[PDB]
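J.: Sharing a structure, written as structure tokens. Questions coming.
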Amino acid sequence: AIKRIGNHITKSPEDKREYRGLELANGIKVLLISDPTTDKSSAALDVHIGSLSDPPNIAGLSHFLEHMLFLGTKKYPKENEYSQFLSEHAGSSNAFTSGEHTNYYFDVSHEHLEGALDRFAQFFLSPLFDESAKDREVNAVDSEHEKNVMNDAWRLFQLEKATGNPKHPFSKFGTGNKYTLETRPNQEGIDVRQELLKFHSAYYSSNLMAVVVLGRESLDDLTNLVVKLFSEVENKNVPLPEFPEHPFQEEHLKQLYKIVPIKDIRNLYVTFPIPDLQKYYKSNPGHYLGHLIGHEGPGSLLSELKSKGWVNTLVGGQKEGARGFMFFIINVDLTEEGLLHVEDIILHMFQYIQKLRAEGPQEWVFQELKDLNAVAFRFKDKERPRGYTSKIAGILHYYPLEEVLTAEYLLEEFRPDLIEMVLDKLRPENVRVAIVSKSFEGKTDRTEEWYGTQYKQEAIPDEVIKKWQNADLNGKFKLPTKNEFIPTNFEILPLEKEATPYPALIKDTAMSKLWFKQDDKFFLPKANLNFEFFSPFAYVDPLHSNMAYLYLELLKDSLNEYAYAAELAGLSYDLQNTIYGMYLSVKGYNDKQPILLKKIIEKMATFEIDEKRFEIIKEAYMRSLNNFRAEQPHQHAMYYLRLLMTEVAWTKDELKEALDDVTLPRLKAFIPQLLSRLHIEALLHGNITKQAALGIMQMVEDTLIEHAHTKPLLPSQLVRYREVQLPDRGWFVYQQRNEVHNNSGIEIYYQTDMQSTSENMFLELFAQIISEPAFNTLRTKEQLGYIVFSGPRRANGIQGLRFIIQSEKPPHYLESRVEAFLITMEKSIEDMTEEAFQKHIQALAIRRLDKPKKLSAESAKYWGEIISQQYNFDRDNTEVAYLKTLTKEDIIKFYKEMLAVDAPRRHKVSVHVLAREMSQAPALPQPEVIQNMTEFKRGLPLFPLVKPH
Amino acid sequence: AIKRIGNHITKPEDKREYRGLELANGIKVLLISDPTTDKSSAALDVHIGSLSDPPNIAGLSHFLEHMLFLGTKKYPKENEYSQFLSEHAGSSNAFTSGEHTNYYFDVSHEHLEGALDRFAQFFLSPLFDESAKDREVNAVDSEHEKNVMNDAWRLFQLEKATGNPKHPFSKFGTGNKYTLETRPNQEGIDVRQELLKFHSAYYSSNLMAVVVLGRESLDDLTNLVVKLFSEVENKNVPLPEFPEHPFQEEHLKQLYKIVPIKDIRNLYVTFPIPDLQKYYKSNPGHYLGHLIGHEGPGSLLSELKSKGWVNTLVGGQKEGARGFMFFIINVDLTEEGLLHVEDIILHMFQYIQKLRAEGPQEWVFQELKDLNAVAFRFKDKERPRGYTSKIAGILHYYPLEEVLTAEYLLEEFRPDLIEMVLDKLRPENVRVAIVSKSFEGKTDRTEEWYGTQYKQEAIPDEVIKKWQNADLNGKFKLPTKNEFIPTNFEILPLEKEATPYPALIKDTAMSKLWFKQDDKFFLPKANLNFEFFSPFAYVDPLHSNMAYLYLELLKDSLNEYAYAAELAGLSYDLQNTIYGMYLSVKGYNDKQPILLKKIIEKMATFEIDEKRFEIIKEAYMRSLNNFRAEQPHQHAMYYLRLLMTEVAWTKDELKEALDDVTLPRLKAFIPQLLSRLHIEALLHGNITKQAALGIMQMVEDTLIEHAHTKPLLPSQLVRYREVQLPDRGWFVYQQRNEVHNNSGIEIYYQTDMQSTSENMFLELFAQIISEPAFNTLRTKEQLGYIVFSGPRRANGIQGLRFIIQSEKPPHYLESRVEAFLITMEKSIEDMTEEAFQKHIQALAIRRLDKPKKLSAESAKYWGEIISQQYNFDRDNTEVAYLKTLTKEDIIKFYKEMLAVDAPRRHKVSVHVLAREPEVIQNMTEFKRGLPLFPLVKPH
């Protein structure tokens, strides 16, 4: 079947992978990928034969064949020689099974397109399907069935397979156990391996392939390679097993089921068997419905159900199915008071159906969401070349060679008759109900045959049922508004005369401070924005910090219902409290940043509170506070760790007690006083202009002075908090007794120094040289506990070294094991060669040196300088230049006074986290107990702050 | 002439034994016997004044008393009596009045004979010599030359002369050279022979008042003075007195406009009134003085302050002669008062009509009677010198039992005398005197002797009839009986708590209570100290201004209530701190908890007025606007307390933020301010621990009752730390003054916290460089008057500071200080042991003092409360350490810490320039990255 026909393929211009689709005369869909810039070349094969295409006697045979067709060629009868040949040439093969397709996919090293594909082509001439291969593989397929017993998604998936018509060929089995695949056939005299060769030859070898090769040779050389090489496939014309009817054949309509799952969940699964729309891929009305189901907007269903407090979450939309039929599923979470009102929720579902039934289909929703799909699929980022070939081979069976990329992610036409058709489908006639909830114990008798879930009809009488049928009316539900806002203008802006590699201070006031660079590297329409809020009142009290958290909580919760569609347009955001103030980041496209950001500033600038919303947030965080009385000991240690190394820290006791007086007039009166006089600093990076950023900055500061009359701060009321000095040789400690866990925790702290260029390399390189041996020596070798950690603890511009270990040990014993490792490192200083030095410092070098892979990464790093006020933009090159400048005697000098136990500059702290009831040790100096941290920290010196770069 | 009739006089605290007696030759003698005095004393008053002079020669009795100084027949030398007082520390003094010439002196210990020998023959032989007279005429010249510009004698002689000019009240008291020896000899009068007539007949008869404060015995003193000072023999010379009031309807309803020397503004209302000296039972003129100076609800001055015309106004009885007495009213003046004079005097008439409406009052009488009972009952003491001359003044007008129990008790009530002076206090009887500087060239009627200028200026009748006819009642109502007059005068004897220092009898997270009973003084009073901490002081500069103006107007509001406390003898203090609030309560132990609880209740539930708010707001805005014009050494100490704290709101930040002060802003802040705070308490005096617990519990109970005060976490009881230095660097900056043309400078040295070593380091090294600084720097260098040095005690941290203001080159002035550094540096080892030892004894007794008041020990106890150390015998231990220093110790203290190469050189200066190391560009960016000191562990 040596035939080739292809051309240039519209390849979504961001991508550079050169394409060519063609179909071979023996029923093979072929896509030729030419990417001369890829490292790994790849190839993949999908055949339209599924786990519903199994023989009626043998279940899960196609799964067994996508295991077994790897094994055995006449050239190499060995088991993994193709797999080892790709272990030579970097190839990671895998294969999988679906209801209608069985797909194979792999890759190869750089250019090995003759070798591996010849090893893969030989499968077509001579597959072996050996005795021991089969008889161990069927145990592996039985283990695949065995691990899918307790996997609830595949258990309920097979419960979907089995609770339709048990006569319809949809009811076939997918995975295959030992017994149905290889034990019942041969005891009936059916040869399993002759079924394998029959299945392969008649069904597999005939037609319905969808192969794809990601090469980098050229278009044409791999083209006449593979069309020559894969004429070895000879047609036998298996028909496509399609289904002319849905399996819900008047036994499964208007019927209820109650299922017992493994996981303690509460869910309701409602299924509508609905006609095909694979032909209707041009408009795709079902995914348009799924766009309308789980949308959060004015008068949305989820807005109403959250407003009634019945539904935690939901999702609905088109369920893909067979060729003839498809399904329509709804997957919801339940509350306790939704559990009594599930039937009423279904009434609200019919209310939303009446909402869709009132306004009919709509054009601007379709046309604009069509445009969103258009642009976002046009400006889709990238793809991994592995998985890509399995995907496009998955959908290659269904589309002509130019429709293989804009396959369903692009919409041609408006079909209000199809939208009205599926709207007319959404009726109480078409309902199948399956409830998945754990509390159904003892009540569910009808057990699944293979996996073993248990369910029942167990219907509620017909009152509720016909009450669902008759009652088709809509209430509050309204049209969701639209947030398009020019996703066309996505083009790049070339950098100006101001050519800096770092965001520069382009605007500084006593009110503001503005850092900005536009995207040099990534060439993206997006932009990322980081924002600082300073406030005095964030760190004054438990009370005011509670007021901050509840404000930000109800604040962000309020404008979220608008924010869903805007972030659905690709504009993400964050609100987060700090000890400084609140943290705002907004990240996304250039689409609506001034507009949306303006709406944000106006929104939190003048913001109001509802009473019961305040009360629910009050109760909720009131319950969220006392959570820490049961936490993990390593967590308890990290909490006290960040507790001790700040200026003050208000406890969960004090935070929980501080909610005793928080009234809505108290907080809401406090807020404009809270917002009276602040300072804001901003980091801006991405596809924008500098002067437009200056205008956005003037916009926001003007907005703030407008609403609540924000005044600039003084740098004498702009403060940072200090870190405590040690007695320069003292090692002080205390204990905390957890209640729940019988494991004890401990964490050790070292005040080295400020981040100078020397100290960063000291602490990081030392941290890495204690990273691998300690983990190899204490958790691997000594096996102290599962929680074993080493590394840095940096606060207030001061470095540190922390170790997070929870185990069931005495903590002073465990300290002795720490000191034993300190002696081990002490000797390992002189046990380090030049090579163990140089490989390790080069490991640190590559650890430090990397360009980012997202604008958000470098924005988070530069912002990490901004929150520390550092701005040392080339700390990486400078510190690596120091890193190459270390010697061995450097680390001896770092050891003697900073790291030793007799060290005169030893600034060492540890903390015990006790349990619920709690080979060399040196002579430690005695520690003190630390009862009152206030009386402890009352007279102690303090660190400086960093002089900013 | 050995005649005596007296006994010990009912006094109780004082031990000075008293006997009054009259001698048969007409000598009234009062004997003071205090065998506990170190210095004995004596005094003589002559009740003969310049009113007994001849009308042609002025100051003749003045010149005789001047000439009675010089010369005895025993000792005819000039200053030989004065030399006997120069030997035995004796301080004599004399003066001349219209009716008195009084002498008082003392002696070293026992020296009564010497003064007798150099004083007795004054009555036998006053010499009236060549040299005595011819120098004493210059002494009279100098006497009038120093008394010419004395505004007391100027305005008083203006009172003497603006009466009847014919009456001898219009004579001149002092006399210059001109009237002494130019006017009599051109009239041919020999002064000396008149002096001999005046002393022989006139100064020998009577009206001398002898008294001796002696320690000899009852009888040694007795025959001492009675035997040898019987030399006075009666001549029955009549008393120089006036039988009429000298303001004889020439000057009534008359105004006067006086030109003063001092730039002052006053208005004077005068009533001559008959004698009520016989009626000391009710004392109606001083009872009127009680009714003038009350400032209470419905009082006149309460509305006058509410009007803004009159700042203050004193009134009451002025004494005159036996025949007449006076009634003077002295007010303060504003400018607009000069245009509203008629209405002011109308308000006076309003209050007069209120007294005429309310009639006489008995509970006011009985009340002030109780005030005289208590205040004379527990009156403390007096200076022994001058006192004896005073009661010798009281000897002429009172018998020997009434010279000591003088007016301090009230017998009977005299409503008719109240009506009598009500008839005196009438618009018909008014003399008016205006004192203003701007009436020069405007007042032609000049005073005769001194030469100030005034004017008769009869008032036109529109104002006269407005003054007469408009005597009406408006709003005013006399305030009622005060609720707190004390009866608890029973001092409590010391119980089981026999510690000499206050113990923490109660501490909670809500309250802290320290207590001691009074060991030393054993007084019915009690004094109270309280700290109320809150973190809300440093919320804003604006919130700190809120704190300030809140407590300011708060206390000022209850000040109108507090006048009864000022009337009852009960003092107090409210004061904000940068940390919190300070409450002081002082007075008797009777009714301080109930009244204090009313203070608690009132400032807990308190209201705000708008215009009082606005005024105090603008006034403190002005004071902040005025704190750009202040003293550059004080401005330097403000920079000192600025830089060496953890964080402080600046005065510009305090200044500018006051545009934001609305009444709902603070009035919303107040219950927030009163929601969570700390309470600390010191109670001291003759009281118990259990009653202190119940009273304090009552107080904090009232607090939680009104404003629901909850405690503060001890992590939210922070203090300000102090800035770490490089410990050897000397950094500096400058600030240019606006107003004053002098430059200020301060140099700072922190050693360490107050340990027992560091306190004597600081104190001893500071005082040992104090007296050579007086030797060389201030005396020799003469830089400016503001030259000061010494310690800086702040935040439980010692420091050393130097206060020098003068317009100098600042770095050269630093070099002058450096010269004094080298001076003291070499002067450490050039010091002998003697300077060392006498100096550490100087420091020792300088530091070692017994208390002198409950206030003293309470100030020391509070001085332990403010550092929270409670190191109650730091004093004794540090003194035990103080002699434990050596010369080489202070060599080490200089070299190790203070020298130029010293590693503990904590040296920093701040320049405050006149009106026109490293630099310090931004104190904020300075303090941005810097370490901080630890705090003090409380012992």
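Letters A, B, ... go to the chains of the structure tokens in the order shown; residues in each chain start at 1; ligands are counted from 1 in the same order.
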Find the residues near segment 337-345 of chain A: any atom within 10 Å, counting only C-alpha atoms, skip ones fewer than 6 places away on the same chain, and give them as a PyMOL selection string.

T.: chain A and resi 266-268+301+305+308-312+351+435+437+464-465+467-468

J.: Save the residues we just selected, C-alpha atoms, as a JSON list (two decimals), in the first residue's frame?

T.:
```json
[["chain", "number", "residue", "atom", "x", "y", "z"],
["A", 266, "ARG", "CA", -20.69, 12.53, 48.58],
["A", 267, "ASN", "CA", -21.58, 12.83, 44.92],
["A", 268, "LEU", "CA", -24.47, 12.59, 42.52],
["A", 301, "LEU", "CA", -26.48, 27.89, 38.96],
["A", 305, "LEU", "CA", -26.32, 26.70, 45.01],
["A", 308, "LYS", "CA", -28.09, 28.13, 49.34],
["A", 309, "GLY", "CA", -25.10, 26.26, 50.73],
["A", 310, "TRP", "CA", -26.10, 22.89, 49.32],
["A", 311, "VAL", "CA", -23.34, 22.25, 46.79],
["A", 312, "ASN", "CA", -19.62, 22.28, 47.42],
["A", 351, "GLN", "CA", -34.75, 25.57, 36.86],
["A", 435, "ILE", "CA", -25.58, 8.55, 43.75],
["A", 437, "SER", "CA", -21.93, 8.46, 48.79],
["A", 464, "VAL", "CA", -40.65, 13.42, 44.12],
["A", 465, "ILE", "CA", -40.11, 11.88, 40.69],
["A", 467, "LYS", "CA", -42.56, 16.47, 41.07],
["A", 468, "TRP", "CA", -39.31, 16.64, 39.13]]
```

J.: Among segment 192-237 of chain B, which ones does DSSP place in alpha helix (DSSP H), written as a PyMOL selection string?

T.: chain B and resi 192-197+220-228

J.: List the neighbours of segment 539-547 of chain B out to 6 Å using only C-alpha atoms; skip same-chain residues closer than 4 positions along the sequence, and give me the result as a count of residues only.

T.: 4

J.: Hey, which of A:280, A:450, A:721, A:388 ends up closest to chain B? Count only C-alpha atoms.

T.: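 That would be A:721, the residue with the smallest distance to chain B.
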
J.: Could you pull the residues within 7 Å of segment 570-587 of chain B, counting only C-alpha atoms, minus those fewer than 4 positions along the same chain, as a PyMOL selection string?

T.: chain B and resi 525-534+537+548+551+555+565-566

J.: Since we have the selection now, will you write its residues out, keeping N, CA and C atoms, as a tab-separated table (two decimals), in the first residue's frame?

T.:
```tsv
chain	number	residue	atom	x	y	z
B	525	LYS	N	-1.80	62.08	105.97
B	525	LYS	CA	-1.96	62.09	104.53
B	525	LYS	C	-1.47	60.79	103.90
B	526	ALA	N	-1.74	60.67	102.61
B	526	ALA	CA	-1.34	59.53	101.82
B	526	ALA	C	-1.10	60.02	100.40
B	527	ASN	N	-0.14	59.42	99.72
B	527	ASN	CA	0.19	59.85	98.38
B	527	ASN	C	0.21	58.62	97.48
B	528	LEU	N	-0.18	58.82	96.23
B	528	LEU	CA	-0.54	57.72	95.36
B	528	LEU	C	0.14	57.87	94.01
B	529	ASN	N	0.66	56.76	93.49
B	529	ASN	CA	1.32	56.72	92.19
B	529	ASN	C	0.74	55.61	91.33
B	530	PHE	N	0.50	55.91	90.06
B	530	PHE	CA	-0.19	54.98	89.18
B	530	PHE	C	0.34	55.07	87.77
B	531	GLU	N	0.58	53.92	87.15
B	531	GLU	CA	0.97	53.87	85.75
B	531	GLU	C	-0.14	53.13	85.03
B	532	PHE	N	-0.63	53.71	83.95
B	532	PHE	CA	-1.64	53.08	83.11
B	532	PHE	C	-1.03	52.92	81.72
B	533	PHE	N	-0.61	51.71	81.38
B	533	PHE	CA	0.06	51.50	80.10
B	533	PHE	C	-0.92	51.09	79.02
B	534	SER	N	-0.63	51.54	77.80
B	534	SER	CA	-1.43	51.31	76.62
B	534	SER	C	-0.45	51.34	75.46
B	537	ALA	N	-0.11	54.76	72.20
B	537	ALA	CA	0.56	56.05	72.17
B	537	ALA	C	1.26	56.29	70.84
B	548	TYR	N	-2.45	63.04	73.94
B	548	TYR	CA	-2.07	64.28	74.60
B	548	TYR	C	-3.26	65.18	74.88
B	551	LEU	N	-5.95	63.59	77.26
B	551	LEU	CA	-5.67	63.68	78.68
B	551	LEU	C	-5.62	65.13	79.14
B	555	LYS	N	-8.29	66.24	81.86
B	555	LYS	CA	-7.92	66.75	83.18
B	555	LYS	C	-8.39	68.19	83.33
B	565	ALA	N	-10.78	70.01	95.25
B	565	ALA	CA	-9.60	69.30	95.75
B	565	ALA	C	-8.50	70.28	96.09
B	566	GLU	N	-8.37	71.32	95.27
B	566	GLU	CA	-7.43	72.38	95.56
B	566	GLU	C	-7.83	73.17	96.79
```

J.: Show me which bits of chain B are within 8 Å of chain A, counting only C-alpha atoms, as a VMD selection string.

T.: chain B and resid 647 714 to 715 924 928 to 937

J.: Mind checking which residues fall within 9 Å of residue 368 of chain B, counting only C-alpha atoms, ignoring those fewer than 5 positions away in the same chain, and posting them as an MDAnalysis selection string?

T.: chainID B and resid 287 290 363 373 410

J.: Which value, in Å to one decimal, gives the distance between atom CA of residue 438 of chain B and atom CA of residue 451 of chain B?

T.: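 Interatomic distance, atom CA of residue 438 of chain B to atom CA of residue 451 of chain B: 16.4 Å.
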
J.: Just want the 9 Å neighbourhood of residue 47 of chain A, counted on only C-alpha atoms, with same-chain residues fewer than 6 positions away dropped. Output as a list in words.

T.: residues 28, 100, 101, 102, 103, 104, 204, 207, 208, 209, 210, 211, 393, 394 and 397 of chain A

J.: Using only C-alpha atoms, which of A:764, A:753, A:681, A:232 sits nearest residue 797 of chain A?

T.: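 Nearest candidate to residue 797 of chain A out of A:764, A:753, A:681, A:232: A:753.
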
J.: Using atom CA of residue 448 of chain A and atom CA of residue 159 of chain A as the two end points, give the distance in Å to one decimal.

T.: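 Value for the atom CA of residue 448 of chain A-atom CA of residue 159 of chain A distance: 7.1 Å.
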
J.: Measure the distance from atom CA of residue 792 of chain A to atom CA of residue 881 of chain A in Å and round it to one decimal.

T.: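 Computing the Euclidean distance for atom CA of residue 792 of chain A and atom CA of residue 881 of chain A yields 20.8 Å.
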
J.: Could you give me, as an MDAnalysis selection string, the residues within 9 Å of residue 494 of chain B, counting only C-alpha atoms and dropping anything in the same chain fewer than 3 positions from it?

T.: chainID B and resid 497:498 517:519 686:688

J.: Can those selected residues be exported to a file as a compact mmCIF listing (two decimals), in the first residue's frame so that it contains N, CA and C atoms?

T.:
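Written output follows (part-v8.txt):
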```
# COMPACT_ATOMS: atom_id res chain seq x y z
N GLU B 497 4.02 44.26 108.04
CA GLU B 497 4.86 44.66 106.94
C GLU B 497 5.92 45.64 107.43
N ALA B 498 7.06 45.10 107.84
CA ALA B 498 8.11 45.90 108.46
C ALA B 498 9.29 46.08 107.52
N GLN B 517 3.63 51.05 104.09
CA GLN B 517 3.15 52.04 105.04
C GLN B 517 4.28 53.01 105.38
N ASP B 518 3.91 54.22 105.80
CA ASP B 518 4.88 55.27 106.10
C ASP B 518 5.59 54.94 107.41
N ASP B 519 6.88 54.64 107.31
CA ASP B 519 7.74 54.46 108.48
C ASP B 519 8.24 55.78 109.06
N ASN B 686 0.08 56.00 105.74
CA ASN B 686 -0.42 55.32 106.95
C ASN B 686 -1.78 54.68 106.68
N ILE B 687 -1.71 53.49 106.08
CA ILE B 687 -2.85 52.70 105.63
C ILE B 687 -2.43 51.23 105.74
N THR B 688 -3.37 50.32 105.48
CA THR B 688 -3.06 48.90 105.55
C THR B 688 -2.98 48.28 104.17
```

J.: Would you tabulate, counting only C-alpha atoms, all residues of segment 636-726 of chain A that have an atom at most 10 Å from an atom of segment 858-877 of chain A, showing the closest pair of atoms and their distance in Å to one decimal, sorted by chain then ascending number, as a Markdown table?

T.:
```
| residue | atom | partner | partner_atom | distance |
| --- | --- | --- | --- | --- |
| A:681 | CA | A:866 | CA | 8.8 |
| A:682 | CA | A:863 | CA | 9.0 |
| A:683 | CA | A:863 | CA | 6.8 |
| A:684 | CA | A:859 | CA | 8.1 |
| A:685 | CA | A:859 | CA | 7.0 |
| A:686 | CA | A:859 | CA | 9.4 |
| A:720 | CA | A:868 | CA | 9.5 |
```

J.: Find, counting only C-alpha atoms, the residue in B:911, B:424, B:396, B:111 that gets nearest to residue 208 of chain B.

T.: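 When distances to residue 208 of chain B are compared using only C-alpha atoms, the smallest one comes from B:396.
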